file upload-v1.pdb (PDB, C-alpha atoms and all ligand atoms)
ATOM      1  CA  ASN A   4     -12.520 -13.432  18.439  1.00  0.00           C
ATOM      2  CA  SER A   5     -13.186  -9.693  19.125  1.00  0.00           C
ATOM      3  CA  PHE A   6     -11.544  -8.328  15.963  1.00  0.00           C
ATOM      4  CA  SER A   7     -11.815  -4.520  15.555  1.00  0.00           C
ATOM      5  CA  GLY A   8     -10.872  -1.982  12.883  1.00  0.00           C
ATOM      6  CA  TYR A   9     -10.602  -4.441  10.008  1.00  0.00           C
ATOM      7  CA  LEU A  10     -11.632  -3.664   6.433  1.00  0.00           C
ATOM      8  CA  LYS A  11     -13.847  -6.439   4.968  1.00  0.00           C
ATOM      9  CA  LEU A  12     -12.548  -7.345   1.467  1.00  0.00           C
ATOM     10  CA  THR A  13     -14.791 -10.368   0.705  1.00  0.00           C
ATOM     11  CA  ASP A  14     -17.457 -12.302   2.624  1.00  0.00           C
ATOM     12  CA  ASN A  15     -14.702 -14.211   4.473  1.00  0.00           C
ATOM     13  CA  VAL A  16     -11.446 -12.156   4.189  1.00  0.00           C
ATOM     14  CA  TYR A  17     -10.703  -9.054   6.423  1.00  0.00           C
ATOM     15  CA  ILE A  18      -7.498  -6.969   6.609  1.00  0.00           C
ATOM     16  CA  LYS A  19      -5.872  -4.525   9.072  1.00  0.00           C
ATOM     17  CA  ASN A  20      -2.626  -2.555   9.378  1.00  0.00           C
ATOM     18  CA  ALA A  21      -1.364  -4.115  12.626  1.00  0.00           C
ATOM     19  CA  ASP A  22       1.298  -6.199  14.361  1.00  0.00           C
ATOM     20  CA  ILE A  23      -0.084  -9.785  14.521  1.00  0.00           C
ATOM     21  CA  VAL A  24       1.256 -10.016  18.131  1.00  0.00           C
ATOM     22  CA  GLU A  25      -0.697  -6.941  19.238  1.00  0.00           C
ATOM     23  CA  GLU A  26      -3.801  -8.354  17.574  1.00  0.00           C
ATOM     24  CA  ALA A  27      -3.419 -11.711  19.301  1.00  0.00           C
ATOM     25  CA  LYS A  28      -3.179  -9.996  22.731  1.00  0.00           C
ATOM     26  CA  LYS A  29      -6.286  -7.821  22.087  1.00  0.00           C
ATOM     27  CA  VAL A  30      -8.432 -10.434  20.378  1.00  0.00           C
ATOM     28  CA  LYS A  31      -7.519 -13.730  22.139  1.00  0.00           C
ATOM     29  CA  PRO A  32      -8.403 -15.642  18.923  1.00  0.00           C
ATOM     30  CA  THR A  33      -9.158 -19.368  18.815  1.00  0.00           C
ATOM     31  CA  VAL A  34      -6.345 -19.735  16.166  1.00  0.00           C
ATOM     32  CA  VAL A  35      -3.288 -17.589  15.356  1.00  0.00           C
ATOM     33  CA  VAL A  36      -1.325 -18.546  12.247  1.00  0.00           C
ATOM     34  CA  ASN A  37       2.516 -18.551  12.316  1.00  0.00           C
ATOM     35  CA  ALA A  38       4.461 -17.992   9.077  1.00  0.00           C
ATOM     36  CA  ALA A  39       6.776 -20.936   9.910  1.00  0.00           C
ATOM     37  CA  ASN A  40       9.668 -22.760   8.224  1.00  0.00           C
ATOM     38  CA  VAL A  41       9.862 -26.593   7.951  1.00  0.00           C
ATOM     39  CA  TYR A  42      11.966 -27.058  11.164  1.00  0.00           C
ATOM     40  CA  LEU A  43       9.860 -24.597  13.190  1.00  0.00           C
ATOM     41  CA  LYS A  44      12.890 -22.417  13.988  1.00  0.00           C
ATOM     42  CA  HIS A  45      11.326 -19.041  14.970  1.00  0.00           C
ATOM     43  CA  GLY A  46      14.399 -16.892  14.315  1.00  0.00           C
ATOM     44  CA  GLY A  47      12.974 -13.567  13.154  1.00  0.00           C
ATOM     45  CA  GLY A  48      10.088 -11.805  11.455  1.00  0.00           C
ATOM     46  CA  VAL A  49       6.531 -12.981  12.222  1.00  0.00           C
ATOM     47  CA  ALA A  50       7.651 -16.288  13.822  1.00  0.00           C
ATOM     48  CA  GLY A  51      10.272 -14.554  15.987  1.00  0.00           C
ATOM     49  CA  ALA A  52       7.693 -11.971  17.172  1.00  0.00           C
ATOM     50  CA  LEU A  53       5.121 -14.611  18.087  1.00  0.00           C
ATOM     51  CA  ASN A  54       7.754 -16.769  19.865  1.00  0.00           C
ATOM     52  CA  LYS A  55       9.104 -13.791  21.821  1.00  0.00           C
ATOM     53  CA  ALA A  56       5.576 -12.933  23.000  1.00  0.00           C
ATOM     54  CA  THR A  57       5.324 -16.485  24.512  1.00  0.00           C
ATOM     55  CA  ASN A  58       8.707 -15.948  26.319  1.00  0.00           C
ATOM     56  CA  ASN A  59      10.219 -18.774  24.184  1.00  0.00           C
ATOM     57  CA  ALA A  60       7.580 -21.395  25.175  1.00  0.00           C
ATOM     58  CA  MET A  61       6.577 -21.733  21.494  1.00  0.00           C
ATOM     59  CA  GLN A  62      10.186 -22.583  20.449  1.00  0.00           C
ATOM     60  CA  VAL A  63      10.583 -25.263  23.171  1.00  0.00           C
ATOM     61  CA  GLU A  64       7.235 -26.893  22.211  1.00  0.00           C
ATOM     62  CA  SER A  65       8.201 -26.669  18.508  1.00  0.00           C
ATOM     63  CA  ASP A  66      11.588 -28.419  19.059  1.00  0.00           C
ATOM     64  CA  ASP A  67       9.761 -31.200  20.928  1.00  0.00           C
ATOM     65  CA  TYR A  68       7.251 -31.595  18.046  1.00  0.00           C
ATOM     66  CA  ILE A  69      10.091 -31.800  15.453  1.00  0.00           C
ATOM     67  CA  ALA A  70      12.010 -34.385  17.499  1.00  0.00           C
ATOM     68  CA  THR A  71       8.980 -36.707  17.554  1.00  0.00           C
ATOM     69  CA  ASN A  72       7.389 -35.998  14.168  1.00  0.00           C
ATOM     70  CA  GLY A  73      10.163 -34.699  11.876  1.00  0.00           C
ATOM     71  CA  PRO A  74       9.996 -31.483   9.787  1.00  0.00           C
ATOM     72  CA  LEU A  75       6.972 -30.182   7.962  1.00  0.00           C
ATOM     73  CA  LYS A  76       6.728 -30.084   4.188  1.00  0.00           C
ATOM     74  CA  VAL A  77       6.575 -26.743   2.271  1.00  0.00           C
ATOM     75  CA  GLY A  78       2.843 -26.089   1.875  1.00  0.00           C
ATOM     76  CA  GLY A  79       2.052 -28.053   5.069  1.00  0.00           C
ATOM     77  CA  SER A  80       1.104 -27.267   8.660  1.00  0.00           C
ATOM     78  CA  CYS A  81       0.747 -28.478  12.199  1.00  0.00           C
ATOM     79  CA  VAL A  82      -1.479 -27.383  15.156  1.00  0.00           C
ATOM     80  CA  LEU A  83       0.355 -26.661  18.418  1.00  0.00           C
ATOM     81  CA  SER A  84      -0.527 -24.613  21.540  1.00  0.00           C
ATOM     82  CA  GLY A  85      -1.387 -20.946  21.214  1.00  0.00           C
ATOM     83  CA  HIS A  86       0.159 -20.290  24.666  1.00  0.00           C
ATOM     84  CA  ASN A  87      -0.884 -16.824  25.941  1.00  0.00           C
ATOM     85  CA  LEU A  88      -1.735 -15.605  22.399  1.00  0.00           C
ATOM     86  CA  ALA A  89      -4.524 -17.892  21.272  1.00  0.00           C
ATOM     87  CA  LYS A  90      -6.113 -21.283  22.046  1.00  0.00           C
ATOM     88  CA  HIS A  91      -4.069 -22.817  19.127  1.00  0.00           C
ATOM     89  CA  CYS A  92      -1.223 -21.853  16.850  1.00  0.00           C
ATOM     90  CA  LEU A  93      -1.437 -23.132  13.283  1.00  0.00           C
ATOM     91  CA  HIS A  94       2.138 -23.262  12.011  1.00  0.00           C
ATOM     92  CA  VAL A  95       1.976 -22.964   8.159  1.00  0.00           C
ATOM     93  CA  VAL A  96       4.937 -23.191   5.779  1.00  0.00           C
ATOM     94  CA  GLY A  97       4.562 -21.014   2.705  1.00  0.00           C
ATOM     95  CA  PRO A  98       7.191 -21.266  -0.068  1.00  0.00           C
ATOM     96  CA  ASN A  99      10.311 -19.165   0.255  1.00  0.00           C
ATOM     97  CA  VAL A 100      10.821 -18.049  -3.335  1.00  0.00           C
ATOM     98  CA  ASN A 101      14.110 -16.328  -2.365  1.00  0.00           C
ATOM     99  CA  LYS A 102      15.361 -19.962  -1.712  1.00  0.00           C
ATOM    100  CA  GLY A 103      13.945 -21.432  -4.966  1.00  0.00           C
ATOM    101  CA  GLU A 104      10.739 -22.985  -3.588  1.00  0.00           C
ATOM    102  CA  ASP A 105       7.725 -23.161  -5.941  1.00  0.00           C
ATOM    103  CA  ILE A 106       5.283 -20.246  -5.702  1.00  0.00           C
ATOM    104  CA  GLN A 107       2.477 -22.708  -6.619  1.00  0.00           C
ATOM    105  CA  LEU A 108       2.797 -24.138  -3.078  1.00  0.00           C
ATOM    106  CA  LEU A 109       1.276 -20.894  -1.723  1.00  0.00           C
ATOM    107  CA  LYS A 110      -2.167 -22.338  -2.635  1.00  0.00           C
ATOM    108  CA  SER A 111      -1.412 -25.519  -0.599  1.00  0.00           C
ATOM    109  CA  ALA A 112      -0.191 -23.305   2.287  1.00  0.00           C
ATOM    110  CA  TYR A 113      -3.479 -21.272   2.393  1.00  0.00           C
ATOM    111  CA  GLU A 114      -5.542 -24.482   2.044  1.00  0.00           C
ATOM    112  CA  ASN A 115      -4.469 -25.367   5.627  1.00  0.00           C
ATOM    113  CA  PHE A 116      -6.564 -22.406   6.905  1.00  0.00           C
ATOM    114  CA  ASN A 117      -9.782 -24.192   5.795  1.00  0.00           C
ATOM    115  CA  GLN A 118      -9.618 -26.672   8.715  1.00  0.00           C
ATOM    116  CA  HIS A 119     -10.378 -23.795  11.175  1.00  0.00           C
ATOM    117  CA  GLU A 120     -13.517 -21.656  11.254  1.00  0.00           C
ATOM    118  CA  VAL A 121     -11.893 -18.349  12.322  1.00  0.00           C
ATOM    119  CA  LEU A 122      -8.162 -17.399  12.123  1.00  0.00           C
ATOM    120  CA  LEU A 123      -5.873 -14.419  12.789  1.00  0.00           C
ATOM    121  CA  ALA A 124      -3.084 -14.663  10.177  1.00  0.00           C
ATOM    122  CA  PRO A 125      -0.165 -12.980   8.490  1.00  0.00           C
ATOM    123  CA  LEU A 126       0.222 -12.572   4.670  1.00  0.00           C
ATOM    124  CA  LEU A 127       1.941 -15.847   3.754  1.00  0.00           C
ATOM    125  CA  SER A 128       5.308 -15.859   1.927  1.00  0.00           C
ATOM    126  CA  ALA A 129       5.537 -12.014   1.990  1.00  0.00           C
ATOM    127  CA  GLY A 130       8.544 -10.099   3.431  1.00  0.00           C
ATOM    128  CA  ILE A 131      11.818 -12.048   3.258  1.00  0.00           C
ATOM    129  CA  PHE A 132      10.089 -15.134   1.801  1.00  0.00           C
ATOM    130  CA  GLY A 133      10.061 -13.065  -1.447  1.00  0.00           C
ATOM    131  CA  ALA A 134       6.529 -13.629  -2.865  1.00  0.00           C
ATOM    132  CA  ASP A 135       4.723 -10.661  -4.401  1.00  0.00           C
ATOM    133  CA  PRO A 136       2.407  -9.572  -1.541  1.00  0.00           C
ATOM    134  CA  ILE A 137      -0.433  -8.579  -3.919  1.00  0.00           C
ATOM    135  CA  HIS A 138      -0.245 -12.112  -5.422  1.00  0.00           C
ATOM    136  CA  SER A 139      -0.312 -13.606  -1.838  1.00  0.00           C
ATOM    137  CA  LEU A 140      -3.519 -11.671  -1.057  1.00  0.00           C
ATOM    138  CA  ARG A 141      -5.144 -12.903  -4.297  1.00  0.00           C
ATOM    139  CA  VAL A 142      -4.262 -16.552  -3.496  1.00  0.00           C
ATOM    140  CA  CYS A 143      -5.696 -16.055   0.071  1.00  0.00           C
ATOM    141  CA  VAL A 144      -8.994 -14.636  -1.305  1.00  0.00           C
ATOM    142  CA  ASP A 145      -9.274 -17.404  -3.922  1.00  0.00           C
ATOM    143  CA  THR A 146      -8.368 -20.292  -1.611  1.00  0.00           C
ATOM    144  CA  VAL A 147      -9.556 -19.616   1.949  1.00  0.00           C
ATOM    145  CA  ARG A 148     -13.246 -20.350   2.566  1.00  0.00           C
ATOM    146  CA  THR A 149     -13.300 -19.957   6.353  1.00  0.00           C
ATOM    147  CA  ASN A 150     -13.117 -16.536   8.110  1.00  0.00           C
ATOM    148  CA  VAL A 151      -9.628 -15.034   8.002  1.00  0.00           C
ATOM    149  CA  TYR A 152      -8.449 -11.779   9.597  1.00  0.00           C
ATOM    150  CA  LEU A 153      -5.133 -10.669   8.039  1.00  0.00           C
ATOM    151  CA  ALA A 154      -2.784  -8.453  10.085  1.00  0.00           C
ATOM    152  CA  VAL A 155      -0.143  -6.733   7.935  1.00  0.00           C
ATOM    153  CA  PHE A 156       2.374  -4.730   9.972  1.00  0.00           C
ATOM    154  CA  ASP A 157       3.174  -1.972   7.445  1.00  0.00           C
ATOM    155  CA  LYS A 158       0.838   0.887   6.554  1.00  0.00           C
ATOM    156  CA  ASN A 159       2.499   1.411   3.130  1.00  0.00           C
ATOM    157  CA  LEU A 160       1.932  -2.262   2.191  1.00  0.00           C
ATOM    158  CA  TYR A 161      -1.590  -2.248   3.692  1.00  0.00           C
ATOM    159  CA  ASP A 162      -2.544   0.722   1.489  1.00  0.00           C
ATOM    160  CA  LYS A 163      -1.056  -0.884  -1.677  1.00  0.00           C
ATOM    161  CA  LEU A 164      -2.924  -4.174  -0.978  1.00  0.00           C
ATOM    162  CA  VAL A 165      -6.273  -2.443  -0.440  1.00  0.00           C
ATOM    163  CA  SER A 166      -5.826  -0.271  -3.574  1.00  0.00           C
ATOM    164  CA  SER A 167      -4.812  -3.279  -5.771  1.00  0.00           C
ATOM    165  CA  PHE A 168      -7.752  -5.373  -4.549  1.00  0.00           C
ATOM    166  CA  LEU A 169     -10.410  -2.592  -4.970  1.00  0.00           C
ATOM    167  CA  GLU A 170      -9.213  -1.825  -8.560  1.00  0.00           C
TER     168      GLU A 170
HETATM  169  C1  LIG B   1       5.082  -8.092   4.939  1.00  0.00           C
HETATM  170  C2  LIG B   1       5.414  -7.757   6.395  1.00  0.00           C
HETATM  171  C3  LIG B   1       4.897  -6.353   6.756  1.00  0.00           C
HETATM  172  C4  LIG B   1       4.863  -8.818   7.364  1.00  0.00           C
HETATM  173  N1  LIG B   1       5.257  -8.480   8.728  1.00  0.00           N
HETATM  174  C5  LIG B   1       4.497  -8.672   9.829  1.00  0.00           C
HETATM  175  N2  LIG B   1       3.157  -8.788   9.679  1.00  0.00           N
HETATM  176  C6  LIG B   1       2.454  -8.863  10.819  1.00  0.00           C
HETATM  177  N3  LIG B   1       2.912  -8.826  12.075  1.00  0.00           N
HETATM  178  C7  LIG B   1       4.256  -8.750  12.246  1.00  0.00           C
HETATM  179  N4  LIG B   1       4.737  -8.787  13.494  1.00  0.00           N
HETATM  180  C8  LIG B   1       5.081  -8.693  11.098  1.00  0.00           C
HETATM  181 CL1  LIG B   1       6.808  -8.684  11.289  1.00  0.00          CL
HETATM  182  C9  LIG B   1       5.268 -10.226   6.978  1.00  0.00           C
HETATM  183  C10 LIG B   1       4.326 -11.145   6.522  1.00  0.00           C
HETATM  184  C11 LIG B   1       4.691 -12.438   6.208  1.00  0.00           C
HETATM  185  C12 LIG B   1       6.000 -12.890   6.341  1.00  0.00           C
HETATM  186  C13 LIG B   1       6.939 -11.966   6.832  1.00  0.00           C
HETATM  187  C14 LIG B   1       6.586 -10.650   7.120  1.00  0.00           C
HETATM  188  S1  LIG B   1       8.593 -12.435   7.206  1.00  0.00           S
HETATM  189  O1  LIG B   1       9.490 -11.497   6.601  1.00  0.00           O
HETATM  190  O2  LIG B   1       8.672 -12.588   8.641  1.00  0.00           O
HETATM  191  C15 LIG B   1       8.796 -13.998   6.432  1.00  0.00           C
HETATM  192  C16 LIG B   1       7.567 -14.865   6.667  1.00  0.00           C
HETATM  193  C17 LIG B   1       6.337 -14.306   5.945  1.00  0.00           C
END

call {"tool": "encode", "arguments": {"input": "upload-v1.pdb", "output": "structure tokens"}}
result
Amino acid sequence: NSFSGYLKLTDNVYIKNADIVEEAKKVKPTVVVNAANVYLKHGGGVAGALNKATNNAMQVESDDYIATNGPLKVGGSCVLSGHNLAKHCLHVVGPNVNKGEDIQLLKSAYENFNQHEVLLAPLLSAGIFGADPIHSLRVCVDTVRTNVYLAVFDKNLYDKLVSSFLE
């Protein structure tokens, strides 16, 4: 958990302009969070980047989990191996508002982070999931009580999030 160069926003929420994959390699965190979908198909974006960094081992393990347990619910999670990136990967499904899922489930999604003391995570439901990223940060700050290190891979978005939170 050797996180470096983060800006502390609250007593338990930190943020950095960084690729979550690059952070996982440098930090070797106990838990890395994946911004998953309910069938754990890691086809692009954050999930695709994390899966590619495990040389597809995450996707094979995920298919085996789904075969035995069925899909997740929106707002839910599962703990699987972290492979070479972390001890564990916490796969969390935030709502995809571009597909009509309820934005209120973003609170349920962040609540899954409270079962782990320290996490490296992405900004849930941002990007192509369509949630307002400033709203996602506010729900993270209001809901997560354990120590969360957010990696946002876009300097422009990083700067807007820090400005909107320090207002
Ligand atoms: C807002 C983006 C800059 C951010 N991207 C990243 N943030 C950190 N490490 C990365 N490798 C990337 Cl790709 C982001 C955060 C959340 C989500 C996505 C994108 S998505 O479009 O893959 C859909 C699922 C939710």

call {"tool": "residues_around", "arguments": {"input": "upload-v1.pdb", "residues": "residue 34 of chain A", "least_positions_apart": "6", "cutoff": "10 Å", "atoms": "all atoms listed in the file", "output": "compact mmCIF listing (two decimals) with C-alpha atoms, in the coordinates of the input"}}
result
# COMPACT_ATOMS: atom_id res chain seq x y z
CA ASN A 4 -12.52 -13.43 18.44
CA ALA A 27 -3.42 -11.71 19.30
CA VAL A 82 -1.48 -27.38 15.16
CA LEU A 83 0.36 -26.66 18.42
CA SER A 84 -0.53 -24.61 21.54
CA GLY A 85 -1.39 -20.95 21.21
CA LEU A 88 -1.74 -15.60 22.40
CA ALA A 89 -4.52 -17.89 21.27
CA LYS A 90 -6.11 -21.28 22.05
CA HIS A 91 -4.07 -22.82 19.13
CA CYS A 92 -1.22 -21.85 16.85
CA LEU A 93 -1.44 -23.13 13.28
CA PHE A 116 -6.56 -22.41 6.90
CA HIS A 119 -10.38 -23.80 11.18
CA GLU A 120 -13.52 -21.66 11.25
CA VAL A 121 -11.89 -18.35 12.32
CA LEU A 122 -8.16 -17.40 12.12
CA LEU A 123 -5.87 -14.42 12.79
CA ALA A 124 -3.08 -14.66 10.18
CA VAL A 151 -9.63 -15.03 8.00

call {"tool": "residues_near_ligand", "arguments": {"input": "upload-v1.pdb", "ligand": "ligand LIG 1 (chain B)", "cutoff": "10 Å", "atoms": "all atoms listed in the file", "output": "MDAnalysis selection string"}}
result
chainID A and resid 19:26 37:40 45:53 95:99 124:136 139 153:161

call {"tool": "residues_around", "arguments": {"input": "upload-v1.pdb", "residues": "segment 54-69 of chain A", "least_positions_apart": "4", "cutoff": "6 Å", "atoms": "all atoms listed in the file", "output": "JSON, numbers by chain"}}
result
{"A": [43, 73, 74]}

call {"tool": "atom_distance", "arguments": {"input": "upload-v1.pdb", "atom1": "atom CA of residue 138 of chain A", "atom2": "atom CA of residue 9 of chain A"}}
result
20.1 Å

call {"tool": "residues_near_point", "arguments": {"input": "upload-v1.pdb", "point": "(-8.2, -2.1, 3.9)", "cutoff": "6 Å", "atoms": "all atoms listed in the file", "output": "compact mmCIF listing (two decimals) with C-alpha atoms, keeping the file's coordinate frame"}}
result
# COMPACT_ATOMS: atom_id res chain seq x y z
CA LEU A 10 -11.63 -3.66 6.43
CA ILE A 18 -7.50 -6.97 6.61
CA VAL A 165 -6.27 -2.44 -0.44

call {"tool": "closest_residue", "arguments": {"input": "upload-v1.pdb", "among": "A:162, A:169, A:117, A:150", "to": "residue 15 of chain A", "atoms": "all atoms listed in the file"}}
result
A:150

call {"tool": "closest_residue", "arguments": {"input": "upload-v1.pdb", "among": "A:14, A:41, A:87, A:70", "to": "residue 28 of chain A", "atoms": "only C-alpha atoms"}}
result
A:87

call {"tool": "atom_distance", "arguments": {"input": "upload-v1.pdb", "atom1": "atom CA of residue 78 of chain A", "atom2": "atom CA of residue 149 of chain A"}}
result
17.8 Å

call {"tool": "closest_residue", "arguments": {"input": "upload-v1.pdb", "among": "A:152, A:7, A:79, A:102", "to": "residue 33 of chain A", "atoms": "all atoms listed in the file"}}
result
A:152

call {"tool": "closest_residue", "arguments": {"input": "upload-v1.pdb", "among": "A:113, A:168, A:17, A:6", "to": "residue 137 of chain A", "atoms": "only C-alpha atoms"}}
result
A:168

call {"tool": "atom_distance", "arguments": {"input": "upload-v1.pdb", "atom1": "atom CA of residue 106 of chain A", "atom2": "atom CA of residue 11 of chain A"}}
result
25.9 Å

call {"tool": "closest_residue", "arguments": {"input": "upload-v1.pdb", "among": "A:30, A:75, A:16, A:147", "to": "residue 44 of chain A", "atoms": "all atoms listed in the file"}}
result
A:75

call {"tool": "axis_aligned_box", "arguments": {"input": "upload-v1.pdb", "around": "segment 125-143 of chain A", "padding_each_side": "4 Å", "output": "AutoDock Vina command-line options"}}
result
--center_x 3.1 --center_y -12.6 --center_z 1.5 --size_x 25.5 --size_y 16.0 --size_z 21.9

call {"tool": "closest_residue", "arguments": {"input": "upload-v1.pdb", "among": "A:80, A:107, A:170, A:164", "to": "residue 142 of chain A", "atoms": "all atoms listed in the file"}}
result
A:107

call {"tool": "build_atoms", "arguments": {"input": "upload-v1.pdb", "residues": "segment 97-113 of chain A", "atoms": "N, CA, C and O atoms", "output": "compact mmCIF listing (two decimals), in the coordinates of the input"}}
result
# COMPACT_ATOMS: atom_id res chain seq x y z
N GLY A 97 4.66 -21.48 4.08
CA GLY A 97 4.56 -21.01 2.70
C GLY A 97 5.90 -21.16 2.01
O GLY A 97 6.96 -21.26 2.64
N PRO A 98 5.91 -21.13 0.65
CA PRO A 98 7.19 -21.27 -0.07
C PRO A 98 8.03 -20.03 0.13
O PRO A 98 7.51 -18.91 0.15
N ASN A 99 9.32 -20.24 0.22
CA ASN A 99 10.31 -19.16 0.26
C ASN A 99 10.89 -19.10 -1.16
O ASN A 99 11.78 -19.91 -1.54
N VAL A 100 10.35 -18.17 -1.95
CA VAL A 100 10.82 -18.05 -3.34
C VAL A 100 12.25 -17.51 -3.41
O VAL A 100 12.92 -17.77 -4.41
N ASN A 101 12.72 -16.80 -2.37
CA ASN A 101 14.11 -16.33 -2.37
C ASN A 101 15.09 -17.51 -2.26
O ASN A 101 16.28 -17.35 -2.59
N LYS A 102 14.61 -18.71 -1.80
CA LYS A 102 15.36 -19.96 -1.71
C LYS A 102 14.95 -21.00 -2.78
O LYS A 102 15.29 -22.18 -2.67
N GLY A 103 14.28 -20.56 -3.85
CA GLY A 103 13.94 -21.43 -4.97
C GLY A 103 12.73 -22.33 -4.84
O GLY A 103 12.52 -23.19 -5.70
N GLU A 104 11.92 -22.16 -3.77
CA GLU A 104 10.74 -22.98 -3.59
C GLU A 104 9.59 -22.52 -4.50
O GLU A 104 9.52 -21.35 -4.85
N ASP A 105 8.74 -23.45 -4.93
CA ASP A 105 7.72 -23.16 -5.94
C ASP A 105 6.58 -22.30 -5.43
O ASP A 105 5.93 -22.65 -4.44
N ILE A 106 6.37 -21.16 -6.08
CA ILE A 106 5.28 -20.25 -5.70
C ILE A 106 3.91 -20.93 -5.73
O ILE A 106 3.01 -20.52 -5.00
N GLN A 107 3.75 -22.00 -6.57
CA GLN A 107 2.48 -22.71 -6.62
C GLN A 107 2.09 -23.33 -5.27
O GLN A 107 0.89 -23.48 -4.97
N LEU A 108 3.08 -23.60 -4.40
CA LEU A 108 2.80 -24.14 -3.08
C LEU A 108 2.12 -23.14 -2.13
O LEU A 108 1.67 -23.52 -1.01
N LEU A 109 2.00 -21.86 -2.52
CA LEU A 109 1.28 -20.89 -1.72
C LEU A 109 -0.23 -21.27 -1.67
O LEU A 109 -0.85 -21.08 -0.60
N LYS A 110 -0.77 -21.89 -2.70
CA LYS A 110 -2.17 -22.34 -2.64
C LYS A 110 -2.31 -23.46 -1.59
O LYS A 110 -3.18 -23.37 -0.72
N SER A 111 -1.40 -24.43 -1.58
CA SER A 111 -1.41 -25.52 -0.60
C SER A 111 -1.28 -24.92 0.82
O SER A 111 -1.98 -25.32 1.75
N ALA A 112 -0.37 -23.92 0.98
CA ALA A 112 -0.19 -23.30 2.29
C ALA A 112 -1.53 -22.69 2.79
O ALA A 112 -1.92 -22.95 3.95
N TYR A 113 -2.19 -21.85 1.98
CA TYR A 113 -3.48 -21.27 2.39
C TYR A 113 -4.59 -22.32 2.60
O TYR A 113 -5.48 -22.10 3.44
